[PDB]
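Residue numbers (this note's numbering), protein chains in the order written: chain A, 287 to 997; chain B, 287 to 997; chain C, 26 to 262.
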Amino acid sequence: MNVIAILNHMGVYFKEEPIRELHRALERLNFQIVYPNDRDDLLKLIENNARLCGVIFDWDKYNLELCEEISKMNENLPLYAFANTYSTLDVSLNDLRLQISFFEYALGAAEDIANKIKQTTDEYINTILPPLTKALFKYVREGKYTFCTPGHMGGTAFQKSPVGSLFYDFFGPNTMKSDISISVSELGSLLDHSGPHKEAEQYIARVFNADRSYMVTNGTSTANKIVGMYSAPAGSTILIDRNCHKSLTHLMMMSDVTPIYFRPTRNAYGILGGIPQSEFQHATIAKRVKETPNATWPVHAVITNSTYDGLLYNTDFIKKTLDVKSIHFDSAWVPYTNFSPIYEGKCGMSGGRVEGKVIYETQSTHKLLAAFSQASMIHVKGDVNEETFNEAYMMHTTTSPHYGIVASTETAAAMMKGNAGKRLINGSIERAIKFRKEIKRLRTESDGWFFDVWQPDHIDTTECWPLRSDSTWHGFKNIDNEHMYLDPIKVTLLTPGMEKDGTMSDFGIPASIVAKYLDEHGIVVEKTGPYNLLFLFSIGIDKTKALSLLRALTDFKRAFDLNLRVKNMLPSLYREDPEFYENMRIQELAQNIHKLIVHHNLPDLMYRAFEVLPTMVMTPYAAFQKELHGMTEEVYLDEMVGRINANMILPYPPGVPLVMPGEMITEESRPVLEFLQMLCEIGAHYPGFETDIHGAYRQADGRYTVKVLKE
Amino acid sequence: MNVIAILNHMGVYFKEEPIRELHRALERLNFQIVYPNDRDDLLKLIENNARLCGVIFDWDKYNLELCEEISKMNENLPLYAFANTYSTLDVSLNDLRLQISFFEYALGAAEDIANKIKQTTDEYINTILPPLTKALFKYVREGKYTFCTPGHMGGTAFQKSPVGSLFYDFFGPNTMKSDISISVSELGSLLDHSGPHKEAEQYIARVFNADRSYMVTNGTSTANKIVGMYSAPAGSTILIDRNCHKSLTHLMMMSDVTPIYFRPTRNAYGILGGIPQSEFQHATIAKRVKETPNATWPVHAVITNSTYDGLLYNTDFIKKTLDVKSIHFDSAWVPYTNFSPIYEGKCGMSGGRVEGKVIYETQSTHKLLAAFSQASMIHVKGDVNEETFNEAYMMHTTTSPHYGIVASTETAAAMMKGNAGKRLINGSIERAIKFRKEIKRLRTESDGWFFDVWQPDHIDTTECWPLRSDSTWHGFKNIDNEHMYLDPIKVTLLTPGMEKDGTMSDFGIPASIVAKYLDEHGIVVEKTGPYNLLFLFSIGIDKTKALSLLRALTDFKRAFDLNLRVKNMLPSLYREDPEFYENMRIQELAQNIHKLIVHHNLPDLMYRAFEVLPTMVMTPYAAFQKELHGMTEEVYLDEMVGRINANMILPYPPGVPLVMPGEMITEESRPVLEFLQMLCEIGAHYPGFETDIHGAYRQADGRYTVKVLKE
Amino acid sequence: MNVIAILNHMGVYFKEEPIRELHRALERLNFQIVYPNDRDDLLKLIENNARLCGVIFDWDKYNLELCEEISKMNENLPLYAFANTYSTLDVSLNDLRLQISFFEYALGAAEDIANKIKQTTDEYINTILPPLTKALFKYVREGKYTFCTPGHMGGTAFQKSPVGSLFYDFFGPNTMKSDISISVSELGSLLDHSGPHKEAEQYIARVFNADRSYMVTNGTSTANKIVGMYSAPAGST
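And the structure:
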């Protein structure tokens with residue numbers, strides 16, 4: 287905030303020489319001065335920037351509707367109207383409700399005007415800032431010597447070493463002084479929820495429409511642990527989504543709990559869809575309790591809302607009909623929910639306080655909002671035992687947190703209050719929708735093949751487009767109406783190779799080549815399956831990045847039709863093994879990997895492997911207990927049927943836990959083994975496209991091993 | 287690295303005009319140029335700075351011993367000797383082993399010389415940098431657009447919001463671009479230990495003399511959890527130090543384990559000393575196993591080495607005689623051990639690979655080294671199940687870590703390789719010893735009272751001064767010889783109020799007033815007890831901070847002898863309740879709090895409360911299980927005998943867990959209740975000195991409550 | 026390639042002060058900046074020159090047909106359209122098939138834009154250059170000391186003699202460093218047809234529509250000898 291914009295030169299002297307004196311005084315007060323030519327120049331200057339902290343304009347040539355337009359753009363922005371001809375009498379109430387401060391044109395009075403402008407800018411900065419970030423900035427500005435942890439003590443240890451000086455010159459001084467610990471008593475403490483921290487969690491609670499809100503400093507991988515260790519005591523039972531994270535599996539291995547796994551649907555692409563409506567009612571839950579050993583009525587439920595590919599649920603249905611005392615939504619990919627009414631009825635915090643149960647939501651703030659990594663939140667909705675749940679939160683977090691992460695966690699919510707946050711969210715959603723409309727437009731504009739995007743055939747409104755059973759763009763057969771809602775900002779491109787009914791085509795490009803090409807040209811894809819990409823259109827995405835992406839896709843199309851060699855187009859993949867990719871064209875490589883997928887029948891195996899659940903011999907807690915006692919042997923992959931698995935098997939494709947720790951592959955679940963063997967067989971042909979299975983360990987001969995339990 | 291220092295002007299032109307042309311070319315290549323006048327100027331310039339990345343000197347007037355001195359100062363520093371009169375023949379081997387590159391005095395050849403200098407500086411930067419920090423800096427320098435998590439995507443979300451722009455202008459761009467996730471495939475992944483990450487853990491393993499080294503991104507509060515969940519399966523038994531952290535208690539509440547608590551000694555000051563030699567042999571361990579219900583032979587041991595006040599152990603004794611299969615050292619306060627031979631035989635990694643057991647050490651890197659917060663390491667020494675322990679490490683850490691913390695964690699070890707790290711550690715230890723010598727000197731120089739420092743009466747050598755049974759400076763009675771070693775850099779000041787034999791004096795100042803005064807004058811104390819301070823003399827401390835601290839102590843002495851009012855001297859404490867501190871002098875306040883300590887007999891109660899162990903009714907895991915089921919009631923403090931505690935009671939003073947979760951205060955442990963009641967009684971008199979007990983909850987009437995279990 | 030041409034001054038400030046900051050940053054990055062007045066000025070400037078390596082223009086006052094005309098003039102030339110009023114939606118396929126990179130008008134963001142412009146210019150140079158000339162230019166830019174033939178060794182023998190210095194001042198340094206031999210292993214060898222040389226003869230074979238193409242270094246007076254000594258053995262006709 288040092289940019290203060292003065293409107294145009296009227297022409298007469300008595301209201302220009304005071305303006306030039308104020309210009310000189312403001313430059314003396316370390317303010318950059320910009321000179322927009324007219325009104326629309328000011329509108330564009332304010333929307334394209336954010337460092338602007340003041341507008342000076344004459345109240346004669348520009349009326350007070352150029353206070354209201356800026357108010358629609360930013361409510362808290364100070365503007366400085368200069369009163370010459372309009373008297374006191376010419377002011378309405380709506381002018382008085384805006385951030386304007388009136389001044390006069392007097393020669394030699396520029397010093398007091400500049401001091402008042404500096405004070406107003408300071409008030410604006412101290413108004414828009416959240417309280418803990420405000421206090422941290424104040425503490426760094428009044429920077430005191432310290433004799434406490436951390437050891438760098440304001441980064442003055444990095445000023446006395448060469449590699450330390452490189453680190454210090456990279457990061458800069460303010461992010462070294464911003465790292466302090468709980469010994470600084472004026473900032474309170476995260477662990478005890480005191481002072482500026484307590485004001486921060488109350489601020490987070492207002493913003494996100496939650497009763498009590500927490501600010502985790504390790505991540506939602508730890509927030510899931512906190513929620514599932516509070517609400518699910520040992521010996522109890524949980525309803526965990528099979529579409530889960532590794533963190534929930536880790537939680538189940540720490541705690542002595544027992545699962546019933548929900549059964550999500552999926553298409554031939556490998557996109558993890560959702561649980562049908564039948565598996566949230568009392569009948570199916572009671573049945574699955576009945577045929578699970580050592581199982582009682584579930585006391586907690588964990589649901590991934592949304593999925594990895596951005597499929598929201600009808601959460602009002604869930605909160606009405608799921609008859610458990612605590613429903614947890616692992617909303618790691620949807621933290622931005624409250625800030626656009628598009629997502630109404632699509633999160634745990636949507637709607638009011640539900641009766642008889644506590645709704646948890648564990649937004650991963652760093653993922654889609656603007657926050658530093660390892661930042662997360664736990665929003666609750668209901669009544670919880672305050673000391674027990676506070677102690678459970680204290681149990682998993684560290685004792686001396688990184689205050690940069692905490693300040694970023696709060697500043698992410700502070701970016702969403704007012705009109706600026708609504709403008710951010712609506713701009714991101716509208717930009718995502720416009721990108722979707724041209725990618726379907728360029729599909730019908732181009733010749734031959736082009737990238738498809740997995741979205742409804744007619745989208746033109748800003749809403750979460752519901753997945754209807756009467757349409758076939760999604761691919762989930764016999765899907766329930768109003769249970770799924772596509773998130774517009776998680777754009778999933780598609781590549782040729784798949785037909786609409788689910789069978790495979792002949793000409794195709796698997797998405798690994800497209801992702802590697804985009805990585806070569808300096809744009810990064812989130813994660814790819816066999817024939818899909820994913821692009822997070824968060825609040826950071828502007829039209830520069832969107833156009834560069836669209837124009838990396840087009841250059842890939844041109845380079846693939848021209849059929850350039852692997853050496854020229856993909857040097858990063860060429861360097862994987864130059865002997866192999868020396869005389870190979872890209873069309874031959876794409877055709878070969880596509881034929882390896884087709885002949886081995888990848889999508890049918892990937893479907894039929896996840897439509898059958900492995901037999902739960904013992905709870906994953908018992909599997910971890912037997913793993914700790916050294917009762918694990920590494921049998922080869924083929925002889926794994928009838929054996930209890932000790933470590934989780936997580937195959938890419940698709941990215942969802944296939945075999946849990948403690949489950950047996952029986953003869954009824956042989957397509958699981960066939961899929962694993964097929965994936966190992968196809969991954970050992972072409973370098974750079976190596977097999978990515980978390981749990982299976984590569985040997986030298988080419989056959990993988992899985993840690994199973996001894997007999 | 288942009289500072290290149292040229293030595294003096296010889297006087298003749300043919301070796302000055304090429305030097306001026308090289309000056310102009312290097313300024314064209316964005317290098318700051320400094321001009322030391324002579325040799326000693328260069329020596330001082332190099333020791334006082336670290337951004338210097340090159341010395342240009344003439345090989346005639348300055349010999350090659352001004353290459354060896356700089357080599358003793360920095361081994362990798364490039365220097366550029368200019369050869370005029372000494373021929374090829376005048377070079378020895380020791381000159382060739384140094385970082386010198388020879389040049390000549392030619393007119394018009396300054397461009398190639400400047401390009402070679404820039405290339406040599408780039409080689410130097412790429413040499414001293416650790417590999418993962420090097421790759422992260424390279425990735426940010428080649429900064430690519432991204433469509434993946436995190437949501438700010440290079441900080442371009444903070445460039446479009448006012449509070450976001452304040453955050454961005456504070457932190458700066460390079461620490462926003464440095465936050466990326468595992469989707470960037472060229473940096474590998476922390477979780478899978480691949481690529482640049484795997485090179486980083488191998489680099490950490492060399493540096494710290496460990497077999498396998500891990501880099502935790504939550505902190506040693508999570509590293510303790512990782513170690514104690516791998517090595518201690520459920521149903522087993524551990525030997526946990528009573529001088530533990532909150533994190534170890536949290537670990538014991540997560541896991542179904544059973545303790546035998548070691549019994550450390552302590553003095554009247556409240557400093558947590560150490561476990562006697564008798565409690566590490568087989569006889570006492572077998573006895574304490576025998577009188578503990580449901581207890582078997584311990585399979586793991588956790589020892590806080592050093593203590594909070596920097597008392598190292600004779601760890602060779604521990605690793606020889608403690609007959610358990612895994613010994614863990616919670617070395618959160620001593621991470622700098624390998625980098626000075628003072629600490630030989632004083633860590634888990636000291637000495638060779640011990641036979642028959644695995645030694646863990648969990649250095650908190652952010653505490654005393656130069657690293658960002660929430661950074662920690664796990665060094666092992668022995669043979670562990672690689673996949674089981676890797677899975678246990680993966681179990682507690684997040685999945686998308688903050689790469690700034692990881693890069694800082696590795697750069698902290700990279701600051702310690704070579705001669706610069708040895709110079710850092712030796713300079714910090716020597717500065718600590720010199721500060722200790724003048725604080726004892728100023729004690730005998732001043733009039734009346736002065737601050738004492740809890741250290742041996744004769745210290746003049748750079749060693750860990752052993753706590754001898756034939757001396758009484760420490761206060762631990764009947765202490766064992768060569769079991770304790772004072773760390774010189776954890777300086778514990780003392781205030782008047784205590785006599786040498788342990789009884790209380792009449793004139794005294796409790797350390798809270800001194801800490802608050804130092805906080806008023808802008809220097810921060812780590813943590814204080816009743817009459818002691820603590821100052822971490824880490825690698826960040828230079829003589830500026832040390833002199834400012836000594837000269838805040840002296841100004842406090844002058845202001846206390848002059849007896850200034852609380853309003854003028856302590857406005858931050860005045861604002862706590864201006865009605866109470868209006869007409870009170872500092873001598874009256876100090877005398878009143880000292881009399882409250884004396885009349886209530888604080889040190890005798892604090893001693894006798896920790897010399898008696900509360901009765902373990904049930905394991906803390908069972909206490910947490912009963913706490914989760916809502917079986918907890920809040921009885922008042924006085925009626926807590928005979929009741930099983932559900933939450934840990936952590937009173938300040940001193941800062942060590944007094945009552946564990948699941949333990950009963952019996953009639954044999956009534957002084958525990960007397961100490962708690964006394965602390966609550968003395969904390970409810972003077973504002974700003976409020977009672978700090980973690981576990982006891984303040985009520986409105988003034989009597990505290992503790993969550994106990996129902997009957 | 027250091028000439029980057031910016032189109033005209035619109036008049037409003039929010040898309041001129043970022044342009045002036047980008048001007049200052051590009052001059053800091055050693056780029057000469059030219060200022061064509063209007064569209065036909067740019068057309069004539071591009072046809073009369075070849076050192077131009079970039080056009081910066083606003084996407085509002087000048088449409089995307091002033092990308093297609095430059096494409097007919099030079100296909101690989103990078104141009105930098107600045108997006109203000111036309112949204113994402115206003116782009117056709119023929120625009121996407123051209124060498125344009127889109128930017129925005131933001132104050133204080135000229136450093137990243139200038140770095141991206143420098144990287145795009147480097148990509149353009151490494152795109153239009155043939156591989157062996159690219160590798161030779163790279164080798165001279167990373168100029169290493171040598172102890173092999175030729176004897177001047179980067180022309181440092183001509184820097185130590187008066188007539189040698191006249192020769193060196195005439196020819197200039199880059200054509201002295203460009204004369205090396207087969208001892209530099211990273212450039213391959215002409216005689217054995219390896220590495221960058223082999224890529225060069227394959228490149229010559231594509232260009233001239235021939236199966237196998239050779240690159241003689243004495244002249245076609247020697248190429249005739251090569252052909253007539255291969256195809257015409259002694260005693261034949």
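Cβ atoms here follow ideal geometry from the backbone N, Cα and C, with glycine treated the same way.
Item	Value
Cβ-based burial, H438(B) [other Cβ within 10 Å; buried from 16]	buried
Closer than 9 Å to chain B by CB, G168(C)	yes
Whole-angstrom distance between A336(A) and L848(A), CA atom to CA atom	44 Å
Supposed close pair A693(A), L476(A) - CB separation, criterion 8 Å	Going by Cβ atoms, the distance from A693(A) to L476(A) rounds to 11 Å, so no, they are not a contact pair.
Residues near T582(B) by beta carbon distance below 6 Å, same chain, minus five either side	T523
Beta carbon of residue 1008(B) nearer than 9 Å to that of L944(A)	In the structure as shown, chain B begins at 287 and stops at 997. Residue 1008(B) is therefore absent and cannot be evaluated.
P937(B) versus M538(B) - alpha carbon distance	20 Å
Distance CB(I512(B))-CB(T407(B)) smaller than 9 Å	no
Neighbouring residues, chain F, relative to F721(A) (Cβ below 7 Å)	The structure shown contains no chain F; the protein chains it does contain are A, B and C.
Cutoff 8 Å; reference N705(A); Cβ partners in own chain excluding five residues on either side	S357, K358, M359, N360 and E361
Segment contact flag, the region 740 to 755 of chain B with the region 855 to 875 of chain B, C-beta cutoff 8 Å, min 3 pairs	no
Near-chain A residues of the region 695 to 723 of chain B - C-beta to any C-beta below 8 Å	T697, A700, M701, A706, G707 and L710
Beta strand (DSSP E) runs wholly inside the region 706 to 776 of chain A, at least 3 long, in chain order	770 to 772
Cα-Cα separation, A496(A) to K484(A)	15 Å
Straight-line Cα distance separating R837(B) from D324(A)	59 Å
The region 879 to 896 of chain A in contact with the region 788 to 805 of chain A per 3-pair CB rule at 8 Å	yes
Expected contact under 8 Å - CB spacing of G556(A) and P939(A) to nearest Å	5 Å
Under the three-state DSSP convention, the category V670(B) falls into	coil
Residues of the region 803 to 819 of chain B with Cβ closer than 8 Å to any Cβ of chain A, in chain order	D805, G808, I809, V810, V811, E812 and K813
Helix, strand or coil at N460(A) [DSSP, three-state]	helix
CB contact check: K159(C) to chain A, cutoff 9 Å	no
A700(B) (DSSP reduced to helix, strand or coil)	helix
Inside the region 898 to 970 of chain A only - alpha helix (DSSP H) runs reaching at least 4 residues	906 to 914 and 956 to 968
Own chain, CB closer than 7 Å to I411(A), minus 5 neighbours either side, in chain order	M287
Minimum Cβ-Cβ distance from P322(A) to chain C less than 9 Å	yes
Nearest-angstrom Cα separation, counted from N931(B) out to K996(B)	10 Å
Beta-carbon proximity list for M964(B), same chain, < 6 Å, skipping 5 on both sides	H886 and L891
Chain-ordered neighbours of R639(A) on chain B, where CB pairs are closer than 9 Å	Here the premise fails: no neighbours, minimum Cβ distance about 20 Å.
Test: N294(B) CB closer than 9 Å to a CB of chain C	no
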